[PDB]
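Below sits a lone chain in structure tokens, taken as the form deposited in one PDB entry.
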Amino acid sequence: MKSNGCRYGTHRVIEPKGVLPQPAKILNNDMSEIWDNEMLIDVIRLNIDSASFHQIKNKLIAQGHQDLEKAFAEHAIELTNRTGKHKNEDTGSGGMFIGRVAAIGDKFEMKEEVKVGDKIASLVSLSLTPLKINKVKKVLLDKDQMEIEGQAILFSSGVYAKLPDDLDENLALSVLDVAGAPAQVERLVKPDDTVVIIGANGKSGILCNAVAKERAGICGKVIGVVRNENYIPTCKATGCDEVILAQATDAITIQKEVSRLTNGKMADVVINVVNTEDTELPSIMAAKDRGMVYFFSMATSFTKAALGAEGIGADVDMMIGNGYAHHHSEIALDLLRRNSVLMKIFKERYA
């Protein structure tokens, strides 16, 4: 054991010096000893980022290698042994791992309660996790996956999720892709609020549909916005009181339809989960004066949202929606256990 570990992981940065683990090039992936505030994981599976997996594979065929599984396995071993992590040297992306807890430092900042032997899922990118690959048992090119024998380091600032026993693995991973949306949405929605959810039929949208209705209450109004009429039954069954049929980029129709459904009062909270570009202004114009706009999708442009509210004089609050919040994994899993209709849809669509 080594004392006084940095919660952000600077103690394992080798090159360049004075930088954080993710932008760094070389990390210390020595697993023979861990710091007092680290957690050691026995990695069984690596879920490499899809764009990174395709770039590595296509780089190998053009070099060019015959057995891609052997070339990819040796490429991952050489990269993680040389750089200390599985960060793509051309793009910069990584991924996440699956494994079992091996050792918990005494000073480790516990988030979700886990003990040694618990099966957990990484929620931070492989571009900052010190990783040591001892053996690649299988390379799954149709799955961007690597069944390996190895160990990884989670810093005290890292995020992880204990995989539950009452749900299968890949199903549990489906809810953690969007677990930050319901955890953050339930903070914004007050009782009797009118909530507009752009993308209510989506993966995170149906979770936000349920959470918005729980928080708004019997006298709140949850309004979904979808593209197709056949999405309406799913929106209502997941919590939406009303459903608007319009394109997510159609600011005028969404504004007028929210206006008609609210008698001009508009929405207290606007949740955007479409992952479609040029949806900032439709979200802004749906909110009332001093309303809240929650941008969960990575397709959001900071410039288009800020300049958008300016040009139309909308004094609204605009949130950069995150993928992490306190206990977000346990909250999202608890939501599915309490709502059988929500759990049914999630298992049939994202098993």
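In this text, the rigid core denotes the largest set of C-alpha atoms whose superposition between the two forms falls within 1.5 Å. Note that residue numbering begins at 1 and tracks the sequence as displayed.
Stretches 137 to 145 and 272 to 280 differ in mean C-alpha B factor, with the higher average recorded for 137 to 145. Comparing 160 to 168 with 104 to 112, the stretch with the higher mean C-alpha B-factor in the PDB entry is 160 to 168. Annotation for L307, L40, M292, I48: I48 ranks highest, by Cα B-factor. Sort the chain's modelled residues by C-alpha temperature factor and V258 lands in the lowest third, per the entry. Among the modelled residues of its chain, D36 has a C-alpha B-factor that falls in the middle third, as given in the PDB entry. When all modelled residues of the chain are sorted by CA temperature factor, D241 is found within the lowest third.
Ranked by C-alpha B-factor against the other modelled residues of its chain, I320 falls in the lowest third. Remark: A287 belongs to the lowest third of its chain, ranked by C-alpha B-factor as recorded.
The protein also exists as the form deposited in another entry; that form is not presented, and the subsequent description refers to it.
The only C-alpha among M298, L307, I320, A62 that moves by 2 Å or more between this form and the one not shown, given a superposition on the rigid core, is that of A62.
Core-superposed comparison between this form and the one not shown: CA of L261 displaced by less than 2 Å. Core-superposed comparison between this form and the one not shown: CA of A71 displaced by 2 Å or more.
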